[PDB]
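**Q**
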Amino acid sequence: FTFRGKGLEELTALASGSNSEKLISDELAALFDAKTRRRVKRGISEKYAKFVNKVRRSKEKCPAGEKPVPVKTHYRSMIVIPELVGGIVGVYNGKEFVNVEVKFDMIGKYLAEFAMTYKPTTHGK
Amino acid sequence: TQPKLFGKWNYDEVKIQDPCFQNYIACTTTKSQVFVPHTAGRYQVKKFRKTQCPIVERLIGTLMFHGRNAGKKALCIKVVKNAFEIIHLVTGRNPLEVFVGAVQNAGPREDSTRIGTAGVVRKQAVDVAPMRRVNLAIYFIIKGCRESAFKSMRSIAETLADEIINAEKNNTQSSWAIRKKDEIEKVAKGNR
Amino acid sequence: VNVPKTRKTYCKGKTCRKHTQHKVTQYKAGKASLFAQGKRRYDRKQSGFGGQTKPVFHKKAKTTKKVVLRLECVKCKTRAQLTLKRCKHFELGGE
Amino acid sequence: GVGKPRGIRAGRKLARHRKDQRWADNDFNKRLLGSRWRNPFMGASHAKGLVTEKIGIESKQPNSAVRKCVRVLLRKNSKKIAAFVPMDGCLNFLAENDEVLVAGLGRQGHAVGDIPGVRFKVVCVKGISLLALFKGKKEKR
Amino acid sequence: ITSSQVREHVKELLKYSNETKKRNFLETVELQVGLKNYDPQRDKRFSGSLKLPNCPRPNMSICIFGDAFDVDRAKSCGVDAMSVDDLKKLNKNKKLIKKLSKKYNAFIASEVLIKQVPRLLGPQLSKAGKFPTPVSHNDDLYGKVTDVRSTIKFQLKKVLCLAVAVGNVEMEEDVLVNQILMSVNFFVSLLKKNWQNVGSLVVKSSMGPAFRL
Amino acid sequence: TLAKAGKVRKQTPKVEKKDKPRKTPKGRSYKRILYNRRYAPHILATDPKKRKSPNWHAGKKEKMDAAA
Amino acid sequence: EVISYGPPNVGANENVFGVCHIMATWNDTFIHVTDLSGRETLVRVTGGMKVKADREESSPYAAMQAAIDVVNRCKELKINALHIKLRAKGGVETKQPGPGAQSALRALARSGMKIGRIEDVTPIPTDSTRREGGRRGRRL
RNA sequence: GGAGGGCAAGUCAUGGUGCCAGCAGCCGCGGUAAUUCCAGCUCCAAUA
RNA sequence: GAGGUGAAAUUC
RNA sequence: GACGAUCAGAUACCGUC
RNA sequence: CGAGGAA
RNA sequence: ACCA
RNA sequence: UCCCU
RNA sequence: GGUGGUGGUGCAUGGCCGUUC
RNA sequence: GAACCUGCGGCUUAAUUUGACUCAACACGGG
RNA sequence: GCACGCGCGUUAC
RNA sequence: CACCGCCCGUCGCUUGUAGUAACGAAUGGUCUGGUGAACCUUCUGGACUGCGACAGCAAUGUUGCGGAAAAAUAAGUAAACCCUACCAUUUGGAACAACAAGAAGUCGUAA
RNA sequence: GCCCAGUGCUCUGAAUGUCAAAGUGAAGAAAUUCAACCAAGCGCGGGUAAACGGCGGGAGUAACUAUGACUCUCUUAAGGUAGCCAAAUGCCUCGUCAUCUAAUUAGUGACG
RNA sequence: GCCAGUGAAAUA
RNA sequence: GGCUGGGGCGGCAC
RNA sequence: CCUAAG
RNA sequence: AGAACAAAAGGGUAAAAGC
RNA sequence: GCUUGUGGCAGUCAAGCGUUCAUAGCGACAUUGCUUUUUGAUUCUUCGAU
RNA sequence: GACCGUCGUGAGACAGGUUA
RNA sequence: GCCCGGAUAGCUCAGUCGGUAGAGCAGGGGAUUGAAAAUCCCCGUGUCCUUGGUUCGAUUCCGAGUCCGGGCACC
RNA sequence: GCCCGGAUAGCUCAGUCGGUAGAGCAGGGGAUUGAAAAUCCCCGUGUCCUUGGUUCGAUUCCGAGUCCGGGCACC
RNA sequence: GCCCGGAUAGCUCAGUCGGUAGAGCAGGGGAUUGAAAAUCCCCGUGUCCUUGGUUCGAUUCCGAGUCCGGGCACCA
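Chains S, T, F, L, B, X and K, in that order, give the protein sequences. With the deposited numbering, letter number 125 in the first sequence gets 135, and the count goes up by one each step, no holes. With the deposited numbering, letter number 70 in the second sequence gets 78, and the count goes up by one each step, no holes. With the deposited numbering, letter number 67 in the third sequence gets 68, and the count goes up by one each step, no holes. With the deposited numbering, letter number 88 in the fourth sequence gets 89, and the count goes up by one each step, no holes. With the deposited numbering, letter number 123 in the fifth sequence gets 126, and the count goes up by one each step, no holes. With the deposited numbering, letter number 8 in the sixth sequence gets 14, and the count goes up by one each step, no holes. With the deposited numbering, letter number 50 in the seventh sequence gets 61, and the count goes up by one each step, no holes.
Written out as structure tokens, the structure reads:
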């Protein structure tokens, strides 16, 4: 018997609301931390929008055979958007692309926070 | 008219009976009779200026000596004033005529010079000078105050007060100061 | 092996009979020298040379003497009565 | 006067003295004691021999190198000889058991500063001067 | 000094006087000693007369008390008081335990103390002159006060004290000094070793001294 | 070693010799030429302390022409 | 009062004489006092009786104490003047007085004592006998 | 038969080799820029 | 207490 | 040679015989 | 962490 | 540099 | 001040 | 066959700087 | 000695640029 | 980059 | 390349070397005691043969004389061989051992 | 050569502990039974082996390799010294290498 | 003296 | 002393 | 071996 | 009934023979 | 003197060797035996002669 | 009978070595 | 001739109550030096001697042969 | 084959009475040195051989065994 | 089997003719120190083996007990 943060649906209506213009409607704004709000309210890029749609096609076209088409990106600076949940995006770190299944919890958080950029240390001598 | 110390302590209330300390102390001079122990003087310049320092200025100096906590005479002049009030409220004597005695007593008259030859640590009999004697006396007195004064609600103006008193008495059980004063001579009387 | 000093071991004497707490020590030894008939005659050799007597004495012991329990009432007024516990080594009341 | 005696009648003395004090010379003491005849060549200038095997020897002190050498068996003498094969490829011509002609290196005694216990040079293979085998246009078998 | 001179304290000392002939009225002699000088507690006495034979000579108020019932244990006679509300404040110490146990004779009371007698009541009084002795304390302090009043014998307890007697005026010698000894028993000797345990003493009658040792 | 025999020579690139342009006179002639190239009066003429090395002409085409 | 033993003769103008022998080694020091015939010993104090450490069995200090210790004992013998015979294991040893030498005398003079004649009796030999060590002696 | 010195003659910015191959009468050359190795060139010496 | 050492130690 | 000591080691430089 | 060892 |  | 460096 | 090179030799070197001071 | 800071070594790492090593390396290459 | 080993320091009992 | 300099020995290791004395053998030479070919000489010996006289004129025959081969003989020169001693010149020999040289082997530190 | 602890021997020695007979004291009414002191001896101290006799054992421990003058050790007086051998002492042993033989469980020369 | 008595324990 | 695959040395089922 | 391991 | 009943081993013993 | 473990000696079965083949020549395992110059048990005969 | 080693205080004792 | 024993890389050498194969030196690639020794990381290289058995598998646990390697051999 | 003796930290060896376990050496980290030694401070270490049994508790006390050692086997 | 001595701090041991428990060393804390010693101050713990009686009390005095140490004498 488990639920999710603020209602995965309220947000799909919150984000794609009457004015589903800028990827992050001023609605989602009220939800994010100052740092994130800063960025969006400041100057977010458009590329971040065509990447958006790339996940879109991956989420539907794929049959319920739960086999999503990994979307590849270097946009580690992207802050997961509500509609970005469910898809598996391959994020570059330094060597290759990392495939991560987007859960409801990783929203408002930087897409980079999952693409481990370095292998911490094991030891011996 | 006569400028009393801290406004309430006649200087002429004391005299140096022993000839030793007569020139190695300050109570005696006209210039020494100060209201405040702060002179920002220029002692420590020639090689004996220290003498002309109003005995208590010296006490205050030797008193603000622990690192971080110290380096600010402003306050120290206080810790010494309160301590004088407190010494008075107990023996009601001219607290200079107390501190003074203490200075004369707490100064070791004998020390041992470490003279080692090829590993062996030998010592000899040495008679301690006057200037050195006073210096040691004060250094010692104060040295102790901090000893107890640490994690204690007892205050320096109190610790110090309680010290200057017994230091005058020669009370070998109540003066970290005179303890060494005796031991240094004793051990020294052994090495001699 | 833990005996208990005095314990009502019925007994008698008599001029008493019934029970009676008895302070019970174990038995000791006793010198003889120059009284014993054993001596009165066993003083010999016969006599410009000697030896001893057929039983004297190197045999082979047992490594376990015996408790000479010596129970003795005080009301019965008499008489220090001996008993015989056999098993060594051991000692009086512990316990 | 000095040690030597200056008498016209004492010639004999001086004479015997010189004949005596003269043994102190090695060059003298050397040839005088038929020493030359006892060496491996028996006085000789050169000696023929059969290659017992090509061995290599290490240079001494400040030098480090593999010297080419052949162990030879002298004919009438019949001794084991240590013989240094000269120039570059030289040892590549000396086949084991061939006939070789050997001579000494600078006064019979100390070997060239570099070599260790070698006292001889190899000049002929199957009776063919080495130099000849060393220069193409000359000879080879 | 347990020597021939005993009859010099007795025979030769039995008509000394200090005037003329020898008077015309009755006599009064004895033989001085003690009780045991122990400490009036642990061990110093038991039972058995000499005699001896006497009683008071002057007063007899001794010691007997404990509870509200110990007063009547000193009413039809005369003794000292231990009090009730004092054994928890002041019924013993020095001049206190004394009071009740410090008279002349000794003590003839009963017992009742508990955890208090190693330095107070029962304690501080022993060699002083009392510390719980044998006075058949069960029916009272009168019948056994035959060992605390008259007859006697010579109950010798507390601090020294005892008695003696044999004849009247003049008719004793070897049995005069040997009457003084006879005037001594469980006070001159007793059980395991007791033929002597002192240093000296005194004696006479009324004349003058006895043994000049 | 052993098989390491003549490692050097085997490794050396055989360069050829400049096929004599003309000839080298052998006889009083050679000794003559030498006499001329060095002890001829024009060289004993200039200082005997400042005359060149009989081989400074190490075969240097650049200094070869500068002299002649 | 006191029962002195010096002969029955006083007089603040009558000198008493005691011959004080003093041997000063580089290890130990001795101080002796005796009749002017030296056949009856009176006072005998050595540095050893004066300190704990075997190295100090010489010392200037040990000489003071052993010295002053004798003077006290001497006023009781009723003797005030002392003849000094100073030595130092002459034999075949450093014929030089030790250290506790000038120290001992000094102490006797200070603590009162009158000083008679003074001799040096370190036994110098005519010949000698193979000394301490040999050939090369104490090395290091 | 040589061209560092002794011992007459290269100050070639030559190619190969890299303490290896080898030189060297004795000093000493050689361990990646060798004046002594291998070889080219040019030189020197005695010259049938 | 000697003796002995820088100190001591077996030694007396 | 026997011993003390000194040394990381001392049958050595000191010391007792 | 309660004033800090050899340095 | 050590001495204080 | 020349011990230590 | 050049440009350019935070690529290699500080023991190939200038220049500069540290140390002996 | 303590916790942080910063440099050097080490060990990791795709990679952890490299110089420097007794004062005459290590908050020094203005790092 | 961290099991750790060094060296300036910052803050403090 | 300058005391973090030089440097010594034990043992070990690496690369090597066969000396002096003795003995063995080879060649040559000498001594000792014997065996002794051959030949000069010697005393023999006398086939064969020359002469003279006698048996016949002759072949032949007897004897006297002379030369004379083989054989045999003694003393001698003395080859070779053997034995007994000694000299000279060469050459030989081994595991372990030994010697030689070298080093930032190993342990210490002598100088 | 080194061992005096062991067993023996042997010296004035040890400030002290045993140690018999007579002799002494104490106690009983004595018989008798308790006492204290008490020669030697003992035990304590020293010397003593051309006196009896003795004379160890395991760990580590580089400059292929095995190796011990090295040190570590636990240890009883001392821990086999010169010298000397398969020897008339050596177990395995017919020891291993030579040497003498056609051939050697013999000889001899070596080596520990 | 003792009924008073303290102290480490009272005597003529 | 004894018991003992005969006695013995050994072991104790003395 | 058990004063209780009677 | 695998525990416990001093102690060897076996018997025995459960409202007990154990606690 | 028994007995024969242990010794020695033969024997059956045939998996194996024997390069191709079990037996020419040998044979693991397993199993039946003979032997009384080993040795071991045993104590019968003989210390009141071997 | 007599050496030695080795065990034993001794007497002797060695399936040790040596000789008549 | 019977009684134990080792067989393992280029040569000398260890293995839970099997299941995996190792240092050392040779050795080539480095780090290091001025270059080199020394030293420190790395490479590599094999039925762990041939047979038969035991097991899921044996280099190892078994059984025999095998080579070289210490202890036993008229009277 | 019989009778003995051990085993404890990485090594050489102490200790216990049934409760605890140690030392020296090694070693790890700093300090002195220009750098190594030496030396100076700091530090960590134990199935007390495996094994069942007793006991409330075993390195320790019994019973069995493995290993490494030494000692007998005579007539 | 008798006859002497002891039992004390962790160690080795003093110790009223009944009133206190003390050395020396170890151990520890500190100054000093190239290293280690030696130095130099300051501490740490006690049924005084156990059980009773003498005494106001007792390490002490006496009896008894256990233990260890000494000694001396026999042993069929």
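All residues carry an ideal CB built from backbone N, CA and C; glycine is no exception.
Run through chain X and tell me which residues come within less than 8 Å of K55(L), C-beta to C-beta.
**A** Residue 55(L) sits at position 54 when you count from the first residue of the fourth sequence. Contact of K55(L) with chain X by beta-carbon distance below 8 Å involves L8.
**Q** Are the CB atoms of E97(L) and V52(L) nearer to each other than 9 Å?
**A** In the fourth sequence, the residue the question calls residue 97(L) occupies position 96. In the fourth sequence, the residue the question calls residue 52(L) occupies position 51. Yes. Within cutoff.
**Q** Going by the beta-carbon positions, is the gap between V88(T) and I68(T) smaller than 9 Å?
**A** Sequence index remark: in the second sequence, residue 88(T) carries index 80 (1-based). Sequence index remark: in the second sequence, residue 68(T) carries index 60 (1-based). One thing to note: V88(T) has its Cβ within 9 Å of the Cβ of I68(T).
**Q** Name, please, each residue of chain X whose Cβ falls closer than 9 Å to the Cβ of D21(L).
**A** The count along the fourth sequence starts at 1 and reaches residue 21(L) at position 20. Simply none; closest approach about 54 Å.
**Q** State buried or exposed for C88(F), treating a residue as buried only when at least 16 other CB atoms are found within 10 Å of its CB.
**A** What you label residue 88(F) is simply residue 87 of the third sequence in a count that begins at 1. It is exposed - the Cβ of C88(F) has fewer than 16 other Cβ atoms within 10 Å.
**Q** Interface residues of chain X around residue 1(L) at Cβ under 9 Å?
**A** This structure leaves residue 1(L) out entirely; chain L is present only between 2 and 142.
**Q** List the endpoints of the continuous alpha helix (DSSP H) containing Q182(B).
**A** Sequence index remark: in the fifth sequence, residue 182(B) carries index 179 (1-based). Where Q182(B) is concerned, the enclosing alpha helix (DSSP H) starts and stops at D177 to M185.
**Q** Taking its Cβ as the centre, do 16 or more other Cβ atoms sit within 10 Å of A30(F), making it buried, or is it exposed?
**A** Counting from 1 along the third sequence, the entry for residue 30(F) is found at position 29. It is exposed - the Cβ of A30(F) has fewer than 16 other Cβ atoms within 10 Å.
**Q** By DSSP, does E118(T) sit in helix, in strand, or in coil?
**A** On the second sequence, position 110 is the one that residue 118(T) refers to. Three-state DSSP puts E118(T) in a strand.
**Q** Taking the continuous alpha helix (DSSP H) assigned at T52(K), which residues delimit it?
**A** Within the seventh sequence, the letter at position 41 stands for residue 52(K). No alpha helix (DSSP H) holds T52(K); the beta strand (DSSP E) holding it covers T52 to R55.
**Q** By the 10 Å Cβ neighbour count, where 16 or more other Cβ atoms means buried, how is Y16(K) classified, buried or exposed?
**A** The residue you call residue 16(K) lines up with position 5 of the seventh sequence. With fewer than 16 Cβ atoms within 10 Å of its Cβ, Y16(K) is classed as exposed.
**Q** For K69(L) and chain X, any beta-carbon pair shorter than 9 Å?
**A** Counting from 1 along the fourth sequence, the entry for residue 69(L) is found at position 68. Interface residue, yes.
**Q** Can you tell me where the beta strand (DSSP E) with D135(T) in it begins and where it stops?
**A** Stepping through the second sequence from its first residue, residue 135(T) is reached at position 127. Segment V128 to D135, the beta strand (DSSP E) holding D135(T).
**Q** Quick one: Cα of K151(T) to Cα of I42(K), how far?
**A** Along the second sequence, read from residue 1 onward, the residue named residue 151(T) stands at position 143. Along the seventh sequence, read from residue 1 onward, the residue named residue 42(K) stands at position 31. Looking at the two C-alpha atoms, the distance is approximately 48 Å.
**Q** Which residues, in order along the stretch 95–126 of chain L, keep a beta-carbon less than 8 Å from a beta-carbon of chain X?
**A** none
**Q** Beta-carbon of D26(L) versus every beta-carbon of chain X: anything under 9 Å?
**A** Translated into positions along the fourth sequence, residue 26(L) becomes position 25. So, not an interface residue.
**Q** Under three-state DSSP, which class holds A64(K)?
**A** The sequence position of residue 64(K) within the seventh sequence is 53, counting from 1. The answer is coil: DSSP assigns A64(K) none of H, G, I, E or B.
**Q** Closer than 8 Å by beta-carbon distance: list the chain L residues that pair up with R15(X), in chain order.
**A** Counted from its first residue, the sixth sequence places residue 15(X) at position 9. The answer, in chain order, is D89 and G90.
**Q** If contacts are defined as beta-carbon pairs under 8 Å, then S153(B) and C58(B) qualify, I think. What distance do you get, rounded to the angstrom?
**A** Along the fifth sequence, one-based indexing puts residue 153(B) at 150. Along the fifth sequence, one-based indexing puts residue 58(B) at 55. Going by Cβ atoms, the distance from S153(B) to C58(B) rounds to 4 Å, so yes, they are a contact pair.
**Q** DSSP on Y41(X), reduced to helix/strand/coil?
**A** Translated into the one-based positions of the sixth sequence, residue 41(X) becomes position 35. In this structure, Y41(X) counts as helix in the three-state DSSP scheme.
**Q** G132(B) and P61(B) - do their beta-carbons sit closer together than 9 Å?
**A** Your numbering for residue 61(B) matches position 58 in the fifth sequence. Your numbering for residue 132(B) matches position 129 in the fifth sequence. Going by C-beta atoms, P61(B) is not nearer than 9 Å to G132(B).
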